[PDB]
There are 2 protein chains.
Amino acid sequence: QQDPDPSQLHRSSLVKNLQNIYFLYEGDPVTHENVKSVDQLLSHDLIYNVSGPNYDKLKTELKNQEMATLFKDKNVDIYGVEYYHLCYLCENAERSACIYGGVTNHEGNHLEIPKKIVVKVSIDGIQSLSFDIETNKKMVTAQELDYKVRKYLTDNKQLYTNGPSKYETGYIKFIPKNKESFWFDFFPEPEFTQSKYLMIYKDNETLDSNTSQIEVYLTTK
Amino acid sequence: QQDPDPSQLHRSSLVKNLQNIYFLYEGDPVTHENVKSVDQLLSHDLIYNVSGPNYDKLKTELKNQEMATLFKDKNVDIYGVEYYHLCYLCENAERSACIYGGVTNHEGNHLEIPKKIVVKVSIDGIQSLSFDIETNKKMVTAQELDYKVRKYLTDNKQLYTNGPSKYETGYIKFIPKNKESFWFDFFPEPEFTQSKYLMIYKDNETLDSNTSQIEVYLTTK
Ligand SMILES: [Zn+2]
Ligand SMILES: [Zn+2]
């Protein structure tokens with residue numbers, strides 16, 4: 001049994017300040033095209049000189065040093081859900097943003113036309129809702145896909161709100177073409193930190209956009 | 001206190017990451033009308049349960065323990081220049097904003113007609129620039145007027161930019177009706193932090209909007 005069970009899943013009704021998870025998926029994601037790491041804090045992270053409405057430096061934390069050097073100084077694209085609480089490169093990183101993973105090679109990884117993907121959503125067992133998600137990458141991180149999914153469901157199904165969720169449990173499952181499938185829980189532990197919760201993107205898991213499937217499971221009450 | 005000394009003024013040409021001062025005065029200030037503090041980290045601060053983009057909890061550092069309990073149970077108005085780096089580090093509040101002072105009692109501090117105040121500006125000794133500023137508060141913090149003067153000079157005379165300033169030095173001089181006058185240096189020391197610099201507002205100095213005057217002195221590179 002690789003897939004979770006009722007008891008394994010976190011209940012949104014026990015979470016304090018679940019609005020923090022809400023603000024992460026409701027707001028825009030950090031996206032950048034064809035950039036190169038300019039610095040490094042620890043051996044398993046990389047820093048980029050890119051900018052967004054609230055930052056001019058972005059620090060991504062990857063699986064380990066091997067993955068960091070694998071992408072260091074190499075031309076890559078960034079797609080990630082960022083946080084600010086407890087993020088900085090010292091008392092000399094006034095406007096930094098942090099994320100985990102969300103890194104993909106830029107060269108030869110784009111599609112002419114976006115590749116739409118169906119997201120099968122089940123609620124209390126009943127698979128009663130399906131929608132489309134799209135990407136421009138041949139190899140897209142699970143994080144990019146995940147965000148687009150939770151963003152859509154946050155706007156259209158109140159998966160998240162500045163407060164409670166109308167759902168009790170929920171989780172996203174990715175089914176790779178031949179590799180093993182994996183999942184992420186939509187809700188954190190009762191007392192959590194944005195930084196700890198986002199570690200789920202730390203492994204930088206990437207997928208083949210043309211052959212991967214996505215499944216969401218929600219429970220109400 | 002006594003007017004600044006030519007050699008006592010910080011030079012923007014020496015500042016590292018001056019764009020950090022830019023973002024402070026370019027973006028919107030934090031303002032709230034009828035609110036009572038809700039919590040308190042240290043005895044000299046007050047936490048408010050108000051929000052804006054990026055934050056839903058605001059912490060203001062006042063002069064001392066005495067000033068905080070003075071407003072603790074009061075409905076007040078807020079007007080401050082907020083920062084986030086090294087703001088509220090307690091993994092139980094991940095969306096806090098921080099300002100210094102900027103507090104005034106709400107009750108009976110409102111004018112039916114806004115008070116215009118003439119800000120006179122000198123550039124290299126020549127007083128060649130005048131422009132109005134306004135407030136609704138009978139008693140207004142120096143911080144509010146200071147922010148309005150910089151935002152205006154930032155968007156109209158290039159006081160700050162996402163890079164260097166066209167001015168090497170510059171200070172704002174407040175001249176209360178009877179009390180001693182005082183000033184604030186528009187620029188920080190070479191290496192600094194938004195948190196440190198903003199301490200110029202920690203005393204929460206408030207002026208009479210009807211009898212106070214403002215003077216600005218800048219020099220070109
Ligand atoms: Zn690209
Ligand atoms: Zn008021």
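Just follow the structure's listing: the first ligand is 1, and inside any ligand the first atom is 1. In what follows, chains are A, B, ... by sequence order, proteins preceding strands, each numbered from 1.
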Can a donor-acceptor pair be found between the side chains of B:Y201 and B:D146 at a distance below 3.5 Å? yes
Under a plain distance cut-off of 3.5 Å, with no hydrogens placed, do B:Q158 and B:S165 share a side-chain donor-acceptor pair? no
If you consider just the N/O/S atoms, which atom of B:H106 is the closest one to the Zn ion (ligand 2)? ND1
Output, in order, the C-alpha distance, side-chain angles, deciding distance and verdict of side-chain hydrogen bond (donor to acceptor under 3.5 Å, both in side chains) for A:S130 and A:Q127. CA-CA 8 Å; A:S130 299; A:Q127 203 277 290; 3.0 Å; yes
Have a look at A:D77 and say which of its N, O or S atoms is nearest the Zn ion (ligand 1). OD2
Could you grab the angle centred on the Zn ion (ligand 2), going from NE2 in B:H110 to OE1 in B:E33, to 10°? 90°
Counterpart residues, side-chain hydrogen bond (donor to acceptor under 3.5 Å, both in side chains), relative to A:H85 (two or more places apart): none
